[PDB]
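Undergrad: how would this look folded up:
(7 chains)
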Amino acid sequence: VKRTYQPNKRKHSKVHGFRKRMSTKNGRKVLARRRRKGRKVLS
Amino acid sequence: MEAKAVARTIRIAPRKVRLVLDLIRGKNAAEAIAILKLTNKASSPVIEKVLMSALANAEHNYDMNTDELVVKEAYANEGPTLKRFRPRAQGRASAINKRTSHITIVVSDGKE
Amino acid sequence: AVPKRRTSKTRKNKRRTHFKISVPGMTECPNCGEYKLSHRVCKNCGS
Amino acid sequence: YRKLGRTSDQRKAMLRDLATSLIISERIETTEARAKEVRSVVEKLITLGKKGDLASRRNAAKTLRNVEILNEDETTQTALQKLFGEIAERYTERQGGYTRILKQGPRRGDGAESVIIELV
Amino acid sequence: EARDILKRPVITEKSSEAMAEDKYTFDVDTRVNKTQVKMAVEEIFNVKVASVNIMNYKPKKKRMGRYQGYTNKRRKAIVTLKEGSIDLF
RNA sequence: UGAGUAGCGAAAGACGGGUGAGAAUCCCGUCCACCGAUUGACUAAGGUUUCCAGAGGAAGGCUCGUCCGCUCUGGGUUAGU
RNA sequence: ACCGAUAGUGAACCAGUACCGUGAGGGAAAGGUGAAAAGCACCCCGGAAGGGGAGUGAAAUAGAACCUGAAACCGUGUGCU
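TA: Numbers count the residues shown, from 1 in each chain, chains lettered A, B, ... in the order given. Provided below are the atomic coordinates:
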């Protein structure tokens, strides 16, 4: 049966990329939130 | 006198190794060795190696006669158990127990 | 299809009365010293 | 007769293999059940070889496989030729017997009573 | 420059078989091209280079009991001489 | 506890040598058979060292293992088209 | 007149780390050899693991090392039945 989550390198970086998160104001908050927690991976 | 030998962390369920320990309990060293070479089990080979070591200790450290020895005690205790997992019908997972064993044999001549 | 009550140590040890192994034939050899199974191929080949 | 946990065709194929392997080295070791089934198949093949007529040759080629035995001095010969050769000469005054079974100890992998079937 | 470009030589069973002819393997930097490699190996050993081959290597993962980590990126380079030799003791 | 109970998820295997403390399961050989518009041969997406050699299976791989597309210790990818 | 490793921060140790989710996000378990490594030379059984001696030490306390209870559970031997 066809399951969900079809792996794709290009799309992955074109949606959850660092530049994509730094293109809006809401996305910037996410980075700030993760940085405060101390997460090793930001994106 | 008395001589003993133990085998710790033996990968074998204690309930399966206790079935071959009730055939050489109270027998002679000669008979016991012969019964372990005729028994068709997966514990006989391991138990035979332990009994052999027990006899060598009584003929070297105590220098006793190995032609008049008799198996006095013979039991098997439990040891650390390993935890494993294997998938089921849906997204459930059953548990598997890989128990070990602590075989012990005490050979003597029956004299204080 | 599921146990109504747990089994005790008495009933559990009573069911394991015939659950055991039996001593084999073990025929003596005429010239070898070691033992062997009856009707087998060795130095005794039974007795 | 026994079925040896196999299909009609599979069982017929295995029997032919064992028989041919018991005429190449004349000393094979297998299980007891299979040893009591190939003992009444290789005995019939020897009987055909004793005849030595053309009819038997064709009847003996409906069971024996196509193999190449290697003797001394770089000598080669098919199993069929060997069956109608030395083998036929050896047993010419003995009426019955031929094969013989010898019991052994159990296997390690499983508790199967292994035996040894050889020609007398 | 023309001294930090090459790190150290490579001595293996493959290099020895490639050492039969005028071909040597060297560990260059991970930022220099082939042109610079050929303009830095013929000025240190005073020889004539014919061609140069370069290949990258992804970092390999390692471990040693509750200790994760990776290796450093490596840039192999095979130089071919037209006439001469290299004293690689 | 239920219990030494349910289960152990794709093709047909036979014997002879070999190695080894130990072989139905590993290596070589001869038969035999199955897929056969595919359980064949390529390229892409994806995965990211699983690839090769020599040592160990002590844990893992639904049994065994001297090995298991396989897990623990050395090396391998070259372009003016 | 705060806590003393299920407590006190989610985190005394490999913590926002194993792992889980496409993503925002969620989020653990795990402290203690001895005063001093003086960490069992050497012999015996065994393929090895493990053991029996012998040694160091006040004491094996021996690298699943302070104490080591159970609701537990699993055994071996015996006095009455």
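Undergrad: For the rest of this, base every contact and every neighbour count on C-alpha atoms.
TA: Will do.
Undergrad: could you measure the residue in chain D that RNA strand G sits nearest to against chain B, distance?
TA: Closest residue of chain D to RNA strand G, Cα to the nearest atom of the strand: residue D:108 (14.9 Å). Relative to chain B, residue D:108 is positioned 9 Å away (Cα to the nearest Cα, to the nearest Å).
Undergrad: burial of that residue, as a residue count?
TA: By other Cα atoms under 10 Å in any protein chain shown, 10 other residues sit near residue D:108.
Undergrad: just the helices in chain D please.
TA: Taking DSSP state H as the test, the helices found in chain D are D:8-24, D:32-35, D:42-51, D:54-60, D:79-83, D:86-90.
Undergrad: next one: the last one to chain centre, how far?
TA: Read that as helix D:86-90. Centre-to-centre, helix D:86-90 and its host chain are 14 Å apart (Cα atoms, centre = their mean, to the nearest Å).
Undergrad: what's the answer for the fifth one, then?
TA: Its chain's C-alpha centre lies 11 Å from the corresponding centre of helix D:79-83 when counted by Cα atoms, centre = their mean.
Undergrad: Remind me what that helix packs against, helices and strands.
TA: Contacting helix D:79-83 under the criterion 3 or more Cα pairs under 8 Å, 6 or more residues apart in numbering or on different chains; DSSP states H and E are the following elements: helix D:8-24.
Undergrad: hmm, the helix ranked longest in chain B in reach of RNA strand G?
TA: Identified as the longest helix of chain B according to DSSP H is helix B:44-60. Yes - contact of helix B:44-60 with RNA strand G (Cα under 7 Å from any atom of the strand) involves B:49, B:52-53, B:56-57, B:60.
Undergrad: which element follows that helix toward the C-terminus?
TA: strand B:70-77 (DSSP states H and E).
Undergrad: Give me every residue in chain C lying close to chain B.
TA: Within chain C, the residues that sit near chain B (Cα under 8 Å from any Cα of the partner chain) are C:20-21, C:23-24, C:26, C:34-37.
Undergrad: Next, format these as CSV and append secondary structure, distance to chain D and neighbour count.
TA: Rendered in CSV, the data for the residues of chain C next to chain B read as follows (DSSP: H, G, I helix; E, B strand; the rest coil; distance: Cα to the nearest Cα, whole Å; neighbours: other Cα atoms under 10 Å in any protein chain shown):
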residue, secondary structure, distance to chain D, neighbour count
C:20, coil, 17, 11
C:21, coil, 15, 13
C:23, coil, 16, 11
C:24, coil, 13, 12
C:26, coil, 12, 17
C:34, coil, 15, 15
C:35, coil, 13, 22
C:36, strand, 10, 24
C:37, coil, 8, 21
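Undergrad: Pick the one among those residues closest to RNA strand G.
TA: residue C:20 (12.0 Å).
Undergrad: Turn the helices of chain D into JSON lines, including distance to residue A:8 and mean neighbour count.
TA: Shown next, in JSON lines, are the helices of chain D (distance: least, Cα to Cα, whole Å; neighbours: other Cα atoms under 10 Å in any protein chain shown):
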{"stretch": "helix D:8-24", "distance to residue A:8": "50", "mean neighbour count": "15"}
{"stretch": "helix D:32-35", "distance to residue A:8": "58", "mean neighbour count": "18"}
{"stretch": "helix D:42-51", "distance to residue A:8": "65", "mean neighbour count": "18"}
{"stretch": "helix D:54-60", "distance to residue A:8": "66", "mean neighbour count": "14"}
{"stretch": "helix D:79-83", "distance to residue A:8": "63", "mean neighbour count": "18"}
{"stretch": "helix D:86-90", "distance to residue A:8": "72", "mean neighbour count": "14"}
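Undergrad: Out of those helices, flag the one nearest RNA strand F.
TA: Nearest of the helices of chain D (Cα to the nearest atom of the strand): helix D:8-24, 4.4 Å.
Undergrad: roughly how far apart are the residue of chain D closest to RNA strand G and chain C?
TA: Taken as Cα to the nearest Cα, the span from residue D:108 to chain C is 17 Å.
Undergrad: Residue E:43 too?
TA: 82 Å.
Undergrad: Contact residues of chain D facing chain B?
TA: D:106, D:111.
Undergrad: Make JSON lines from the residues of chain C next to chain B and add distance to residue A:27 to it.
TA: Converted to JSON lines, those look like this (distance: Cα to Cα, whole Å):
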{"residue": "C:20", "distance to residue A:27": "71"}
{"residue": "C:21", "distance to residue A:27": "72"}
{"residue": "C:23", "distance to residue A:27": "78"}
{"residue": "C:24", "distance to residue A:27": "79"}
{"residue": "C:26", "distance to residue A:27": "83"}
{"residue": "C:34", "distance to residue A:27": "83"}
{"residue": "C:35", "distance to residue A:27": "83"}
{"residue": "C:36", "distance to residue A:27": "82"}
{"residue": "C:37", "distance to residue A:27": "81"}
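Undergrad: okay, these in CSV with distance to RNA strand F next?
TA: As requested, the residues of chain C next to chain B are arranged in CSV below (distance: Cα to the nearest atom of the strand, whole Å):
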residue, distance to RNA strand F
C:20, 10
C:21, 12
C:23, 19
C:24, 21
C:26, 20
C:34, 18
C:35, 19
C:36, 17
C:37, 17
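Undergrad: Out of these, which two sit at the greatest distance?
TA: Across the residues of chain C next to chain B, no pair lies farther apart than C:20 and C:34, at 25.8 Å, counting by Cα to Cα.
Undergrad: Please give the number of neighbouring residues around the closest residue to residue D:22 other than its chain neighbours.
TA: Nearest residue to residue D:22, sequence neighbours excluded (Cα to Cα, 6 or more residues apart in numbering or on different chains): residue D:28, at 5.9 Å. The number of residues packed near residue D:28 is 17, by other Cα under 10 Å.
Undergrad: before we move on, what about the one 10 residues further on?
TA: As a burial measure, the neighbour count of residue D:38 was computed by other Cα under 10 Å and equals 19.
Undergrad: Okay then, goodbye and thanks.
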